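# PDB entry and its sequence, pasted below:
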Amino acid sequence: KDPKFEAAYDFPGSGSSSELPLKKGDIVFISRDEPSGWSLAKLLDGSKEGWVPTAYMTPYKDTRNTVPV
C-alpha cells in the first residue's frame, strides 16, 4: 500500500467480498490503481482490504493549517 486517500463519497458497495465498503471521510491506504477504475484499498490498521472506486478517492491531507508540527 502506503499512500493515504480519503473517501469523497460513500461507497456502500454491492455486498461483494472483493469490495471494501467506505463512508465519506474514511481514510485508507491504496496499493493499486487499475484501468477499470478500481483501486485496492486497505484500512489503516491493516484489518481489511478490498477494491473501491478510484473516482471516490482523493489524496489525504491531515489539516488545512500551515501550522508546522
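That came through, no problem. Numbering: from 1, shown residues only.
# for the spatially most central residue of the chain, what are its contacts?
Residue closest to the average C-alpha location in the chain (CA atoms, centre = their mean): residue 28, at 4.1 Å. Applying CB atoms under 8 Å, 6 or more residues apart in numbering to residue 28 gives the contacts 4-5, 7, 20, 22, 41-44, 52, 57. For the C-beta atoms, the positions are set from N, CA and C on the backbone; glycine is no exception.
# where along the protein do the strands fall?
Using DSSP state E, the strands found in the chain span residues 4-7, 27-33, 38-43, 49-53, 57-59.
# identify whichever of those strands lies nearest to residue 69.
strand 4-7 (16.4 Å; CB to CB).
# partners of the closest one, with directions?
With DSSP bridges as the test, strand 4-7 is paired with strand 27-33 (antiparallel), strand 57-59 (antiparallel).
# any idea which of these is most buried?
Ranked by mean neighbour count under mean count of other CB atoms under 10 Å, the strands paired with strand 4-7 are led by strand 27-33, which reaches a mean of 16.
# got the angle between it and strand 38-43?
Relative orientation of strand 27-33 versus strand 38-43 (axes from the mean of the first three to the mean of the last three CA atoms, to 10 degrees): 140 degrees.
# now the angle from strand 27-33 to strand 49-53?
Counting by the same axes, to 10 degrees, strand 27-33 lies at 80 degrees to strand 49-53.
# in PDB, list the C-alpha atoms belonging to strand 27-33.
Extracted in PDB, the C-alpha atoms of strand 27-33 (Å, rounded to 0.1, in the frame of the first residue of the first chain):
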ATOM      1  CA  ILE A  27      -9.100   7.200   5.200                       C
ATOM      2  CA  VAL A  28      -7.300   4.200   3.700                       C
ATOM      3  CA  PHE A  29      -4.100   3.200   2.100                       C
ATOM      4  CA  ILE A  30      -4.100   2.500  -1.700                       C
ATOM      5  CA  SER A  31      -1.700  -0.100  -3.100                       C
ATOM      6  CA  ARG A  32      -3.100  -0.400  -6.600                       C
ATOM      7  CA  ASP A  33      -5.000   1.700  -9.200                       C
END
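# roughly how far out does it sit from the chain middle?
5 Å (CA atoms, centre = their mean, to the nearest Å).
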